[PDB]
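Asker: Here it is: the structure, laid out below.
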Amino acid sequence: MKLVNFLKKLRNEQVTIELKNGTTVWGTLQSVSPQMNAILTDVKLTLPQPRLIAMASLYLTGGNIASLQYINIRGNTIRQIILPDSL
Amino acid sequence: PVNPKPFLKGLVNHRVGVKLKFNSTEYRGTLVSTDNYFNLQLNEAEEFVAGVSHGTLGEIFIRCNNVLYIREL
Amino acid sequence: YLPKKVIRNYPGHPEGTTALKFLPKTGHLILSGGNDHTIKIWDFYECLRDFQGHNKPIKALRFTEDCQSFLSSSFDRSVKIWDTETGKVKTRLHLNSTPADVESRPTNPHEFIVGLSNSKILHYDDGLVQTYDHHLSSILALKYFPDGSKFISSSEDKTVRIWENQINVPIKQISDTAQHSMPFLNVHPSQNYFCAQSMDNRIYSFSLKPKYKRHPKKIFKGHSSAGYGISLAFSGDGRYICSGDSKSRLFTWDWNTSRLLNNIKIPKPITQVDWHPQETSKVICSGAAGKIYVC
Amino acid sequence: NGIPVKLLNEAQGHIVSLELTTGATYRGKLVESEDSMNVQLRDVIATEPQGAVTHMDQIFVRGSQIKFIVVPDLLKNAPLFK
Amino acid sequence: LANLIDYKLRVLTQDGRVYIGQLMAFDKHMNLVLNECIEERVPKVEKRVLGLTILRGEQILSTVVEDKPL
Amino acid sequence: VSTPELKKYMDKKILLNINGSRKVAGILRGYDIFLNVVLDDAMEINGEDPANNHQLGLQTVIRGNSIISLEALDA
Amino acid sequence: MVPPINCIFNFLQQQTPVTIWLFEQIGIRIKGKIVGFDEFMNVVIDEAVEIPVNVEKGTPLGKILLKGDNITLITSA
Amino acid sequence: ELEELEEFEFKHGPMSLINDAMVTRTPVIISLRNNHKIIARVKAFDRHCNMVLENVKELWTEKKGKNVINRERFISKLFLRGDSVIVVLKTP
RNA sequence: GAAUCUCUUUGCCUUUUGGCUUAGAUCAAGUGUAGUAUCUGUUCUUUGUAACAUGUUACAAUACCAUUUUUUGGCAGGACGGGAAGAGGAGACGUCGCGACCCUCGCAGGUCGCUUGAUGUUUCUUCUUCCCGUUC
RNA sequence: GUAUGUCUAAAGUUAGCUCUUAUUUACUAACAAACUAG
Ligand SMILES: [Mg+2]
């Protein structure tokens, strides 16, 4: 049905979220919103290869790989979230 | 006064062309189906890159979010 | 939407709370004129102030569209214009008769109409301006038109007279052989209908046309409104009609079929009924108890 | 309703600053704020992203081109502490 | 996020600018209001103090929590 | 949707700036809930220094997703 | 004193040749004749001619349904 | 019966190739807005063309100071926002 | 077998014609304004769970891609750093600072230098020597 | 226009349908171009 409710099955799942600015988030979802807004924990984000804007955002955080205790991401910014292979 | 959903469902089974919003890519093919929200489904799609052909692709879908226009050839 | 539950308390006077109205288009305040005590304002919950300077009960408490000052119609032959912000003395109309409902023209804060019970109506400014003497009986309730510019009067006679902006002569005087009277009346908010209580327990509805004749089947019959000064009400943009009765009951109404919808058993004759101009489903009512039950 | 929109509706009669999504900043007196974050702004002093500074009488920016408004700091005491 | 009320939020907007401020309230559209917000562009360097500002949820990319309250 | 109050700007020479850094002056004839703005006396202000009088009385209309802002030239 | 959906249709009755601008693409414009539209300003246009803004040429494209989300500014000639 | 008018316009509308690729379990190639061509199988389809894929073989392009090289990775499980979706193309 | 309820018919009249004379007598010959009443013409519509003292708080279920928000207008010995000197980075627009000959004078930052202060747009086109830190 | 009829605090009695809108028709007027009532 609504695949927003598919992401609500993914609580405490160790995923890798990729964002629209190229930000690669790696961590575990605590919960997700009905507008796909994803809160996460124990997550360090990389800005893969390039090192060539966004990058500024990564340095904005105590973060290139920076890890933050709690991260809330707007659901409109997600390109694709990779789920654990055992699922 | 051909309104768009009367325009385009009547334009089914015609070799139509669609320019994307990026203008790097166009698609020429027969429009098979179109919903109310203007998603497009083309068969025998030939990709036109910057106005020159890229190659034959086949049964194709185009998201609503990228259709700049659609033309009849 | 329909009121269905008796929600909030609002314990006002232990006396009657004989007048309830709203600020138009800003549902923040109410008014409550009890029998012995003076006017109280409830918010939404809270309370603001008393308005000392009355001795007798109050018929009606009408605002302006400037909304800063309301108009008090007490039984003590005295009309007082009170600010809702400070509560000072603009005028003190010591009158000859016990005044009826005291209203204001929507254009000017100057233009200001006081009904009496010695069959007269007096127009005022910020100070007599023009009399009005065509009713034979004590005048009961008043209205206006969209944005004013004319005026509506009805009495203990069955007559309703549309008077104009400072003109004695009625355009239409509305009378048949079977009408009891028109003791209270409110403008339907599309500003084209004309609803009025009548003591055949029925709420008649006329037009606002030059050919001013009534329309059939829009008559609201199932009441006990015979011996009490009961108010009318209208929802936002005219979806229903609420009206109290003497069964300690509040009765709502449709428009196209005009049939009974909710016969509530609110704990004394329910008289004063107002809607919200903001909340599209809730209705404030008070009878002779003083506890202001909101539906 | 929306609490930020309710916050912005109380900001009428106050001097704000509006930075736009292309980058330009609009400092002016907020008189009329719409429910869709549209704002009528009087006596606006405007600054380009490159630094070109002008003053204008009336500006009216749509919702979806606003980065952020800055309301004056008197608002944060009441009625939005609850 | 209602859990996250009244914390300092290091919130990352669309253009790489980072806002740090105390979360006064949020809504359905993630419109944020920030007490004593500061704005920094290039990443301590290049920061501007704004104060009580709004922040529309159209521009936020992510928000993280900075510190505890008082 | 609330009506965007531009009644103060009716029959007024306003200055719409547009996505792609376009700037178009004109006199307002109408608007809607999507802020789609109708302009009498269309004046395209191009880049260097012409001023393209575009539609002098033929009442152009601009879609609300492309309107950045507007300055009333008069009060 | 004309709301804009009543100001699209007067291009349609009088059948005027119409110049339409795209959205965040300033190099190209489209000119043609308005033949149909909807409530979301998705416009079907007749005799559609591209206008390279940077002498202004044209490639005749004829019938085009231009999707309204790229429509910016509606004029005529 | 709200859902049947939703799902039968879904059936022979433009969502057919996302409905046919999954049923026949045939890989469709997906080109996104940042040129991440994704050839993958479909597990599920959504209203927004949200897609859950399996054995994803994302291929993209990295440009440097000489001949462009091809970078590709295999992703076993993938969830994809429909916003990046431009083209769903089924290969026979 | 004793009796209740509902019908049909009959009987009672049940809101059931309460004076008289010359049928008591005689019947528009306009208009305008207005009022009342009616017809016709015309247009629109069809819940569980937890905590605290019946109430309050928290979390889930039920109710929801078209321009202003969340379903994208997107993409394309050796190294390093700083300061100084010599030989073949510079000009605009603003935005905040170190000095002051200035202004101003009290309890509820404006102006001028910078004598090499910081910083974002926007156009054009490095080597040698010494000193101080980090690394092997 | 009469007859005639009706109203009038100064004084305080003890706890098909819903609708806008115009034409027509009917009955009325001591309302108009110095006076006429049972
Ligand atoms: Mg007689």
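Chain labels run A, B, ... following the order of the structure tokens; each chain numbers its residues from 1, and ligands are numbered from 1 in the order shown.
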Dump as JSON lines the rows for residues of chain J within 9 Å of chain C: closest atom pair and distance in Å with one decimal, only C-alpha atoms (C1' of nucleotides) counted, ordered by chain and rising residue number.
Answerer:
```
{"residue": "J:7", "atom": "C1'", "partner": "C:136", "partner_atom": "CA", "distance": 7.3}
{"residue": "J:8", "atom": "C1'", "partner": "C:118", "partner_atom": "CA", "distance": 8.1}
{"residue": "J:18", "atom": "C1'", "partner": "C:256", "partner_atom": "CA", "distance": 7.0}
```
Asker: Pull the strand (DSSP E) assignments for chain A out of DSSP run on the backbone, and list those residues as a ChimeraX atom specification.
Answerer: /A:14-19,24-32,38-46,65-73,78-82
Asker: What lies within 12 Å of residue 47 in chain I using only C-alpha atoms (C1' of nucleotides), ignoring chain neighbours under 5 positions off, as a PyMOL selection string?
Answerer: chain I and resi 60-62
Asker: Could you write out that same residue set with N, CA and C atoms (P, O5', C5', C4', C3', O3' and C1' of nucleotides) as a PDB file, in the first residue's frame?
Answerer:
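Generated output (part31.pdb):
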```
ATOM      1  P     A I  60       4.290   7.909  17.606  1.00  0.00           P
ATOM      2  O5'   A I  60       3.807   6.415  17.341  1.00  0.00           O
ATOM      3  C5'   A I  60       2.688   6.115  16.483  1.00  0.00           C
ATOM      4  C4'   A I  60       2.138   4.749  16.821  1.00  0.00           C
ATOM      5  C3'   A I  60       0.877   4.342  16.061  1.00  0.00           C
ATOM      6  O3'   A I  60       1.243   3.620  14.885  1.00  0.00           O
ATOM      7  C1'   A I  60       0.477   4.201  18.391  1.00  0.00           C
ATOM      8  P     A I  61       0.385   3.748  13.535  1.00  0.00           P
ATOM      9  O5'   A I  61      -0.854   2.784  13.802  1.00  0.00           O
ATOM     10  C5'   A I  61      -1.794   2.472  12.753  1.00  0.00           C
ATOM     11  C4'   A I  61      -3.126   2.049  13.336  1.00  0.00           C
ATOM     12  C3'   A I  61      -4.361   2.732  12.749  1.00  0.00           C
ATOM     13  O3'   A I  61      -4.865   1.996  11.634  1.00  0.00           O
ATOM     14  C1'   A I  61      -4.408   2.894  15.117  1.00  0.00           C
ATOM     15  P     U I  62      -4.774   2.586  10.138  1.00  0.00           P
ATOM     16  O5'   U I  62      -6.103   3.453  10.007  1.00  0.00           O
ATOM     17  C5'   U I  62      -7.400   2.829   9.921  1.00  0.00           C
ATOM     18  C4'   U I  62      -8.426   3.612  10.711  1.00  0.00           C
ATOM     19  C3'   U I  62      -8.904   4.914  10.091  1.00  0.00           C
ATOM     20  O3'   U I  62      -9.915   4.690   9.105  1.00  0.00           O
ATOM     21  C1'   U I  62      -8.498   5.213  12.417  1.00  0.00           C
TER      22        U I  62
END
```
Asker: Hey, what's within 7 Å of residue 16 in chain G if we count only C-alpha atoms (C1' of nucleotides) and toss same-chain stuff fewer than 2 positions away? As a short mmCIF file (atom, residue, chain, number, x, y, z; two decimals) with N, CA, C and O atoms, in the first residue's frame, please?
Answerer:
```
data_model
loop_
_atom_site.label_atom_id
_atom_site.label_comp_id
_atom_site.auth_asym_id
_atom_site.auth_seq_id
_atom_site.Cartn_x
_atom_site.Cartn_y
_atom_site.Cartn_z
N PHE G 11 -7.51 34.84 -24.52
CA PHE G 11 -6.60 34.40 -25.57
C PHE G 11 -7.23 33.28 -26.39
O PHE G 11 -6.87 33.08 -27.55
N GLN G 14 -10.52 34.79 -28.70
CA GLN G 14 -10.03 35.65 -29.76
C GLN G 14 -8.90 35.02 -30.55
O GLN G 14 -8.55 35.55 -31.61
N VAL G 18 0.44 33.99 -29.29
CA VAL G 18 0.82 34.14 -27.89
C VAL G 18 2.28 33.74 -27.70
O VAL G 18 2.70 32.68 -28.16
N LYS G 33 -0.09 29.78 -30.70
CA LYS G 33 -1.47 30.18 -30.50
C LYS G 33 -2.15 29.24 -29.50
O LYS G 33 -2.10 28.02 -29.65
N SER G 76 1.13 38.14 -25.73
CA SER G 76 0.63 37.95 -27.08
C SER G 76 1.33 38.89 -28.04
O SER G 76 2.39 39.45 -27.73
#
```
Asker: Taking only C-alpha atoms (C1' of nucleotides) and all ligand atoms into account, which residues are within 12 Å of ligand 1, as a list in words?
Answerer: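 Written in the requested form, the residues are residues 2, 3, 37 and 38 of chain J.
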Asker: Those selected residues, please, written with N, CA, C and O atoms (P, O5', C5', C4', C3', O3' and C1' of nucleotides) and delivered as a PDB file, in the first residue's frame.
Answerer:
```
ATOM      1  P     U J   2     -63.312  64.949  10.112  1.00  0.00           P
ATOM      2  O5'   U J   2     -63.484  63.384  10.385  1.00  0.00           O
ATOM      3  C5'   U J   2     -64.317  62.892  11.423  1.00  0.00           C
ATOM      4  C4'   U J   2     -65.777  62.945  11.043  1.00  0.00           C
ATOM      5  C3'   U J   2     -66.750  62.467  12.095  1.00  0.00           C
ATOM      6  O3'   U J   2     -67.005  63.483  13.042  1.00  0.00           O
ATOM      7  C1'   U J   2     -67.348  61.580   9.973  1.00  0.00           C
ATOM      8  P     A J   3     -66.984  63.149  14.603  1.00  0.00           P
ATOM      9  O5'   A J   3     -68.345  62.364  14.809  1.00  0.00           O
ATOM     10  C5'   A J   3     -68.371  61.167  15.555  1.00  0.00           C
ATOM     11  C4'   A J   3     -69.612  60.374  15.266  1.00  0.00           C
ATOM     12  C3'   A J   3     -69.784  59.145  16.142  1.00  0.00           C
ATOM     13  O3'   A J   3     -70.498  59.426  17.332  1.00  0.00           O
ATOM     14  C1'   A J   3     -69.894  58.506  13.883  1.00  0.00           C
ATOM     15  P     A J  37     -70.911  66.474   3.604  1.00  0.00           P
ATOM     16  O5'   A J  37     -71.206  64.919   3.704  1.00  0.00           O
ATOM     17  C5'   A J  37     -72.511  64.409   3.461  1.00  0.00           C
ATOM     18  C4'   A J  37     -72.644  62.971   3.904  1.00  0.00           C
ATOM     19  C3'   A J  37     -72.545  62.731   5.409  1.00  0.00           C
ATOM     20  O3'   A J  37     -73.399  61.649   5.768  1.00  0.00           O
ATOM     21  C1'   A J  37     -70.859  61.511   4.305  1.00  0.00           C
ATOM     22  P     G J  38     -74.723  61.912   6.636  1.00  0.00           P
ATOM     23  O5'   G J  38     -75.313  60.455   6.870  1.00  0.00           O
ATOM     24  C5'   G J  38     -75.819  59.687   5.784  1.00  0.00           C
ATOM     25  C4'   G J  38     -75.731  58.200   6.034  1.00  0.00           C
ATOM     26  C3'   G J  38     -76.048  57.739   7.457  1.00  0.00           C
ATOM     27  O3'   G J  38     -76.736  56.493   7.407  1.00  0.00           O
ATOM     28  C1'   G J  38     -73.905  56.989   6.846  1.00  0.00           C
TER      29        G J  38
END
```
Asker: Give me, as a PDB file with N, CA and C atoms, in the first residue's frame, all polymer residues having an atom no more than 6 Å from range 64-81 of chain H, counting only C-alpha atoms (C1' of nucleotides) and skipping those fewer than 4 positions away in the same chain.
Answerer:
```pdb
ATOM      1  N   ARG A  79      17.249  10.861  -1.276  1.00  0.00           N
ATOM      2  CA  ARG A  79      17.163  10.225  -2.584  1.00  0.00           C
ATOM      3  C   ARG A  79      16.839   8.754  -2.437  1.00  0.00           C
ATOM      4  N   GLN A  80      17.629   8.067  -1.627  1.00  0.00           N
ATOM      5  CA  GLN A  80      17.445   6.640  -1.443  1.00  0.00           C
ATOM      6  C   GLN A  80      18.074   6.158  -0.154  1.00  0.00           C
ATOM      7  N   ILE A  81      17.354   5.303   0.556  1.00  0.00           N
ATOM      8  CA  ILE A  81      17.863   4.742   1.789  1.00  0.00           C
ATOM      9  C   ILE A  81      18.098   3.264   1.544  1.00  0.00           C
ATOM     10  N   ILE A  82      19.309   2.799   1.825  1.00  0.00           N
ATOM     11  CA  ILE A  82      19.631   1.399   1.617  1.00  0.00           C
ATOM     12  C   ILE A  82      19.382   0.635   2.899  1.00  0.00           C
ATOM     13  N   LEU A  83      18.587  -0.424   2.794  1.00  0.00           N
ATOM     14  CA  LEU A  83      18.254  -1.233   3.949  1.00  0.00           C
ATOM     15  C   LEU A  83      19.221  -2.393   4.105  1.00  0.00           C
ATOM     16  N   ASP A  85      20.897  -5.987   4.422  1.00  0.00           N
ATOM     17  CA  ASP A  85      20.776  -7.043   3.428  1.00  0.00           C
ATOM     18  C   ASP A  85      20.067  -8.272   3.968  1.00  0.00           C
TER      19      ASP A  85
ATOM     20  N   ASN H  50       7.562   5.649  -5.682  1.00  0.00           N
ATOM     21  CA  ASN H  50       8.533   5.257  -4.671  1.00  0.00           C
ATOM     22  C   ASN H  50       8.800   3.792  -5.048  1.00  0.00           C
ATOM     23  N   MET H  51      10.058   3.379  -5.005  1.00  0.00           N
ATOM     24  CA  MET H  51      10.379   2.019  -5.397  1.00  0.00           C
ATOM     25  C   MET H  51      11.348   1.317  -4.462  1.00  0.00           C
ATOM     26  N   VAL H  52      11.058   0.055  -4.183  1.00  0.00           N
ATOM     27  CA  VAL H  52      11.925  -0.757  -3.358  1.00  0.00           C
ATOM     28  C   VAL H  52      12.538  -1.703  -4.367  1.00  0.00           C
ATOM     29  N   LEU H  53      13.861  -1.710  -4.460  1.00  0.00           N
ATOM     30  CA  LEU H  53      14.518  -2.552  -5.446  1.00  0.00           C
ATOM     31  C   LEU H  53      15.364  -3.661  -4.843  1.00  0.00           C
ATOM     32  N   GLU H  54      15.736  -4.615  -5.685  1.00  0.00           N
ATOM     33  CA  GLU H  54      16.559  -5.739  -5.264  1.00  0.00           C
ATOM     34  C   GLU H  54      17.619  -6.040  -6.315  1.00  0.00           C
ATOM     35  N   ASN H  55      18.830  -6.341  -5.834  1.00  0.00           N
ATOM     36  CA  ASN H  55      20.041  -6.484  -6.657  1.00  0.00           C
ATOM     37  C   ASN H  55      20.267  -5.264  -7.547  1.00  0.00           C
ATOM     38  N   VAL H  56      20.327  -4.102  -6.907  1.00  0.00           N
ATOM     39  CA  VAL H  56      20.518  -2.841  -7.604  1.00  0.00           C
ATOM     40  C   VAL H  56      21.925  -2.743  -8.170  1.00  0.00           C
ATOM     41  N   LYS H  57      22.021  -2.285  -9.410  1.00  0.00           N
ATOM     42  CA  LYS H  57      23.303  -2.161 -10.079  1.00  0.00           C
ATOM     43  C   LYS H  57      23.390  -0.726 -10.570  1.00  0.00           C
ATOM     44  N   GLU H  58      23.535   0.199  -9.628  1.00  0.00           N
ATOM     45  CA  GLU H  58      23.624   1.618  -9.943  1.00  0.00           C
ATOM     46  C   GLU H  58      24.888   1.962 -10.713  1.00  0.00           C
ATOM     47  N   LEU H  59      24.722   2.656 -11.830  1.00  0.00           N
ATOM     48  CA  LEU H  59      25.860   3.088 -12.624  1.00  0.00           C
ATOM     49  C   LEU H  59      25.835   4.601 -12.810  1.00  0.00           C
ATOM     50  N   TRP H  60      26.938   5.269 -12.491  1.00  0.00           N
ATOM     51  CA  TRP H  60      27.001   6.718 -12.646  1.00  0.00           C
ATOM     52  C   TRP H  60      28.269   7.139 -13.378  1.00  0.00           C
TER      53      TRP H  60
END
```
Asker: Which of these residues is nearest to residue 63 in chain H, using only C-alpha atoms: A:71, A:25, A:15, A:52?
Answerer: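 Once distances to residue 63 in chain H are computed over only C-alpha atoms, the minimum belongs to A:52.
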Asker: Name all residues at most 8 Å from range 40-53 of chain E (count only C-alpha atoms (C1' of nucleotides); drop same-chain ones fewer than 2 positions away) and give them as a list in words.
Answerer: residues 56, 57, 59 and 60 of chain A; 68, 69, 70, 71, 72, 73 and 76 of chain D; 16, 17, 18, 19, 33, 34, 35, 36, 37, 38 and 55 of chain E; 119 of chain I
Asker: Write a file of the selected residues as a PDB file, in the first residue's frame, keeping C-alpha atoms (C1' of nucleotides).
Answerer:
```pdb
ATOM      1  CA  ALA A  56      29.887  23.040   4.057  1.00  0.00           C
ATOM      2  CA  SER A  57      26.837  21.456   5.680  1.00  0.00           C
ATOM      3  CA  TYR A  59      31.364  20.788   8.495  1.00  0.00           C
ATOM      4  CA  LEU A  60      28.422  22.686  10.022  1.00  0.00           C
TER       5      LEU A  60
ATOM      6  CA  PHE D  68      13.561  33.270   6.741  1.00  0.00           C
ATOM      7  CA  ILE D  69      12.048  36.233   8.531  1.00  0.00           C
ATOM      8  CA  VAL D  70      13.481  37.686  11.749  1.00  0.00           C
ATOM      9  CA  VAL D  71      10.789  38.951  14.109  1.00  0.00           C
ATOM     10  CA  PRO D  72      11.721  41.330  16.946  1.00  0.00           C
ATOM     11  CA  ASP D  73      12.501  39.765  20.270  1.00  0.00           C
ATOM     12  CA  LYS D  76       9.144  35.373  22.618  1.00  0.00           C
TER      13      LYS D  76
ATOM     14  CA  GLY E  16      24.999  25.125   3.186  1.00  0.00           C
ATOM     15  CA  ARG E  17      24.237  27.764   5.791  1.00  0.00           C
ATOM     16  CA  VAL E  18      23.979  26.372   9.313  1.00  0.00           C
ATOM     17  CA  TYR E  19      21.671  27.805  11.957  1.00  0.00           C
ATOM     18  CA  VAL E  33      11.332  29.315  15.094  1.00  0.00           C
ATOM     19  CA  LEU E  34      14.708  29.866  16.721  1.00  0.00           C
ATOM     20  CA  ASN E  35      15.499  31.901  19.824  1.00  0.00           C
ATOM     21  CA  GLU E  36      18.873  33.729  19.637  1.00  0.00           C
ATOM     22  CA  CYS E  37      19.670  32.097  16.302  1.00  0.00           C
ATOM     23  CA  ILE E  38      23.094  32.488  14.737  1.00  0.00           C
ATOM     24  CA  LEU E  55      12.877  29.078   9.521  1.00  0.00           C
TER      25      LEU E  55
ATOM     26  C1'   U I 119      34.874  39.657   5.006  1.00  0.00           C
TER      27        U I 119
END
```
Asker: What's around range 19-28 of chain J at 10 Å? Count only C-alpha atoms (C1' of nucleotides), leave out sequence neighbours fewer than 4 positions away in its own chain, and write the answer as a PDB file with N, CA, C and O atoms (P, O5', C5', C4', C3', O3' and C1' of nucleotides), in the first residue's frame.
Answerer:
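What follows is the written file selection36.pdb:
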```pdb
ATOM      1  N   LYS C 209     -36.292  42.325  -0.242  1.00  0.00           N
ATOM      2  CA  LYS C 209     -36.555  42.764  -1.602  1.00  0.00           C
ATOM      3  C   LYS C 209     -37.424  44.013  -1.597  1.00  0.00           C
ATOM      4  O   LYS C 209     -38.020  44.372  -0.579  1.00  0.00           O
ATOM      5  N   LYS C 211     -40.166  44.041  -3.727  1.00  0.00           N
ATOM      6  CA  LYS C 211     -41.312  43.151  -3.587  1.00  0.00           C
ATOM      7  C   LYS C 211     -41.045  42.235  -2.399  1.00  0.00           C
ATOM      8  O   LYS C 211     -40.544  41.118  -2.559  1.00  0.00           O
TER       9      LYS C 211
ATOM     10  P     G I  35     -45.574  50.581  -3.375  1.00  0.00           P
ATOM     11  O5'   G I  35     -46.241  49.858  -2.124  1.00  0.00           O
ATOM     12  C5'   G I  35     -46.511  50.566  -0.925  1.00  0.00           C
ATOM     13  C4'   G I  35     -47.821  50.130  -0.328  1.00  0.00           C
ATOM     14  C3'   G I  35     -48.163  48.668  -0.522  1.00  0.00           C
ATOM     15  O3'   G I  35     -47.476  47.817   0.375  1.00  0.00           O
ATOM     16  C1'   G I  35     -50.055  49.984  -1.014  1.00  0.00           C
ATOM     17  P     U I  36     -46.893  46.419  -0.157  1.00  0.00           P
ATOM     18  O5'   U I  36     -48.150  45.449  -0.088  1.00  0.00           O
ATOM     19  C5'   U I  36     -48.908  45.349   1.102  1.00  0.00           C
ATOM     20  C4'   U I  36     -50.268  44.768   0.833  1.00  0.00           C
ATOM     21  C3'   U I  36     -50.264  43.470   0.053  1.00  0.00           C
ATOM     22  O3'   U I  36     -49.973  42.347   0.862  1.00  0.00           O
ATOM     23  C1'   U I  36     -51.866  44.932  -0.872  1.00  0.00           C
ATOM     24  P     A I  37     -49.018  41.190   0.295  1.00  0.00           P
ATOM     25  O5'   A I  37     -49.974  40.361  -0.668  1.00  0.00           O
ATOM     26  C5'   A I  37     -51.180  39.802  -0.180  1.00  0.00           C
ATOM     27  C4'   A I  37     -52.095  39.399  -1.305  1.00  0.00           C
ATOM     28  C3'   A I  37     -51.472  38.550  -2.396  1.00  0.00           C
ATOM     29  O3'   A I  37     -51.342  37.190  -2.025  1.00  0.00           O
ATOM     30  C1'   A I  37     -52.787  40.250  -3.371  1.00  0.00           C
ATOM     31  P     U I  38     -50.125  36.310  -2.591  1.00  0.00           P
ATOM     32  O5'   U I  38     -50.580  35.953  -4.072  1.00  0.00           O
ATOM     33  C5'   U I  38     -51.707  35.120  -4.286  1.00  0.00           C
ATOM     34  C4'   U I  38     -52.187  35.178  -5.712  1.00  0.00           C
ATOM     35  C3'   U I  38     -51.182  34.787  -6.779  1.00  0.00           C
ATOM     36  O3'   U I  38     -50.987  33.390  -6.914  1.00  0.00           O
ATOM     37  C1'   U I  38     -52.287  36.762  -7.436  1.00  0.00           C
ATOM     38  P     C I  39     -49.604  32.842  -7.525  1.00  0.00           P
ATOM     39  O5'   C I  39     -49.777  33.005  -9.103  1.00  0.00           O
ATOM     40  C5'   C I  39     -50.796  32.302  -9.799  1.00  0.00           C
ATOM     41  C4'   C I  39     -51.056  32.882 -11.168  1.00  0.00           C
ATOM     42  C3'   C I  39     -49.931  32.767 -12.184  1.00  0.00           C
ATOM     43  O3'   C I  39     -49.829  31.481 -12.772  1.00  0.00           O
ATOM     44  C1'   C I  39     -50.824  34.951 -12.250  1.00  0.00           C
ATOM     45  P     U I  40     -48.383  30.828 -13.038  1.00  0.00           P
ATOM     46  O5'   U I  40     -47.848  31.570 -14.342  1.00  0.00           O
ATOM     47  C5'   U I  40     -48.575  31.541 -15.562  1.00  0.00           C
ATOM     48  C4'   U I  40     -48.081  32.606 -16.507  1.00  0.00           C
ATOM     49  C3'   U I  40     -46.579  32.624 -16.748  1.00  0.00           C
ATOM     50  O3'   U I  40     -46.130  31.660 -17.684  1.00  0.00           O
ATOM     51  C1'   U I  40     -47.300  34.811 -16.249  1.00  0.00           C
ATOM     52  P     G I  41     -44.685  30.985 -17.495  1.00  0.00           P
ATOM     53  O5'   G I  41     -43.668  32.101 -18.004  1.00  0.00           O
ATOM     54  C5'   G I  41     -43.733  32.585 -19.338  1.00  0.00           C
ATOM     55  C4'   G I  41     -42.932  33.850 -19.525  1.00  0.00           C
ATOM     56  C3'   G I  41     -41.464  33.774 -19.149  1.00  0.00           C
ATOM     57  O3'   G I  41     -40.659  33.142 -20.124  1.00  0.00           O
ATOM     58  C1'   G I  41     -42.385  35.733 -18.237  1.00  0.00           C
ATOM     59  P     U I  42     -39.584  32.044 -19.662  1.00  0.00           P
ATOM     60  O5'   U I  42     -38.427  32.898 -18.973  1.00  0.00           O
ATOM     61  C5'   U I  42     -37.733  33.910 -19.687  1.00  0.00           C
ATOM     62  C4'   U I  42     -36.813  34.691 -18.782  1.00  0.00           C
ATOM     63  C3'   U I  42     -35.785  33.872 -18.018  1.00  0.00           C
ATOM     64  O3'   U I  42     -34.649  33.546 -18.799  1.00  0.00           O
ATOM     65  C1'   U I  42     -36.835  35.383 -16.538  1.00  0.00           C
ATOM     66  P     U I  43     -34.005  32.079 -18.711  1.00  0.00           P
ATOM     67  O5'   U I  43     -33.077  32.135 -17.418  1.00  0.00           O
ATOM     68  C5'   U I  43     -31.839  32.831 -17.444  1.00  0.00           C
ATOM     69  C4'   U I  43     -31.276  33.031 -16.059  1.00  0.00           C
ATOM     70  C3'   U I  43     -30.945  31.772 -15.275  1.00  0.00           C
ATOM     71  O3'   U I  43     -29.721  31.160 -15.645  1.00  0.00           O
ATOM     72  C1'   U I  43     -32.139  33.253 -13.886  1.00  0.00           C
ATOM     73  P     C I  44     -29.511  29.585 -15.390  1.00  0.00           P
ATOM     74  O5'   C I  44     -29.214  29.466 -13.827  1.00  0.00           O
ATOM     75  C5'   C I  44     -28.033  30.011 -13.256  1.00  0.00           C
ATOM     76  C4'   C I  44     -28.016  29.849 -11.753  1.00  0.00           C
ATOM     77  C3'   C I  44     -28.065  28.419 -11.231  1.00  0.00           C
ATOM     78  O3'   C I  44     -26.809  27.762 -11.244  1.00  0.00           O
ATOM     79  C1'   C I  44     -29.636  29.734 -10.053  1.00  0.00           C
ATOM     80  P     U I  45     -26.730  26.172 -11.485  1.00  0.00           P
ATOM     81  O5'   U I  45     -27.339  25.535 -10.159  1.00  0.00           O
ATOM     82  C5'   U I  45     -26.639  25.568  -8.921  1.00  0.00           C
ATOM     83  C4'   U I  45     -27.500  25.025  -7.807  1.00  0.00           C
ATOM     84  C3'   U I  45     -27.841  23.544  -7.912  1.00  0.00           C
ATOM     85  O3'   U I  45     -26.856  22.735  -7.285  1.00  0.00           O
ATOM     86  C1'   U I  45     -29.819  24.813  -7.512  1.00  0.00           C
TER      87        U I  45
END
```
Asker: Distance cut-off 12 Å, counting only C-alpha atoms (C1' of nucleotides) - which residues of chain I neighbour chain E? Return them as an NGL selection string.
Answerer: :I and (58-59 or 68-70 or 72 or 95-96 or 118-120)
